[PDB]
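# Structural description and commentary
Residues per chain, in single letters:
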Amino acid sequence: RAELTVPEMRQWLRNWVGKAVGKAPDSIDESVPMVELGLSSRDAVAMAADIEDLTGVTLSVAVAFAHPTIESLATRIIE
Ligand SMILES: [Ca+2]
Ligand SMILES: [Ca+2]
Ligand SMILES: [Ca+2]
Ligand SMILES: [Ca+2]
Ligand SMILES: [Ca+2]
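This entry lists X-ray crystallography as its structure determination method and reports a resolution of 1.6300 Å.

Right, here's the structure in full:
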């Protein structure tokens, strides 16, 4: 119960996207492709750095685009 969980990772991603695009985190759709959320390439760089600070994982292009939705990405980062 101590480790970072998938619900926690999902929430953190919704918060991040919500702040980047100016929307309530609860309104961020976890099933759409993250390239359709209104994130910029600059956002991707910043989010990748923030994920590495949160989890110690350096996210590869391969992993991210093979898990291209918030819910699938969160599941793969943790799991
Ligand atoms: Ca923005
Ligand atoms: Ca707004
Ligand atoms: Ca859904
Ligand atoms: Ca660092
Ligand atoms: Ca791994």
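## Comments concerning the overall build of the protein
The secondary structure content of the protein amounts to four helices and zero strands. Ordered by position in the sequence, the α and β elements of the protein form the string α-α-α-α. Against the 2.2 N^0.38 benchmark of 12 Å for 79 residues, the protein shows a C-alpha radius of gyration of 12 Å, consistent with a compact globule. Here the C-alpha coordinates of the protein stretch approximately 30 × 25 × 20 Å along the principal axes.

## Some remarks on the environment of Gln 11
Here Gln 11 lies in helix α1 (residues 6-21). Note: C-alpha distance between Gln 11 and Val 61 (50 residues apart in sequence) is 22 Å.

## Here's the deal with the environment of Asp 26
Secondary-structure assignment places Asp 26 in the loop between α1 and α2 (41-55). Sequence separation between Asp 26 and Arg 14 is 12 residues; the distance between their C-alpha atoms is 7.0 Å.

## Quick look at the nonpolar core
Core analysis: the largest hydrophobic core is formed by 14 residues, its most contacted members being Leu 13, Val 17, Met 34, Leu 37, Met 47 and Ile 70. Of all the secondary-structure elements, those providing two or more residues to this core are α1, α2 and α4 (70-78). Element by element, the count of residues in this core is highest for α1, at five residues.

## Comments concerning the side chain of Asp 43
Checked against the element boundaries, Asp 43 lands in helix α2. For the buried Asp 43, which has no salt bridge, the nearest side chain bearing the opposite charge is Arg 42, at an N-O separation of 6.8 Å. At 3.0 Å, the side chain of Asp 43 and the backbone nitrogen of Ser 40 are in polar contact.

Definitions and limits used
- Residues numbered from 1 in each chain as written, not as in the entry; some residues may be left out.
- Chains lettered and ligands numbered in written order.
- Heavy atoms only, no water.
- Residues with missing side-chain atoms left out of burial classes, pairs and counts.
- Helix = DSSP H or I, 4+ residues; strand = E, 2+ residues; numbered from the N terminus.
- Rg over C-alpha atoms; globule rule 2.2 N^0.38 Å.
- Core = buried A, V, L, I, M, F, W, Y, C linked by side-chain atoms within 4.5 Å.
- Buried < 20%, exposed > 50% of the residue type's maximum accessible area, 1.4 Å probe, protein only.
- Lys, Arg positive; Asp, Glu negative; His and termini not counted.
- Salt bridge = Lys/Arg side-chain N within 4 Å of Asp/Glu carboxyl O.
- Polar contact = N/O pair within 3.5 Å; in protein donor to acceptor, adjacent residues only side chain to side chain.

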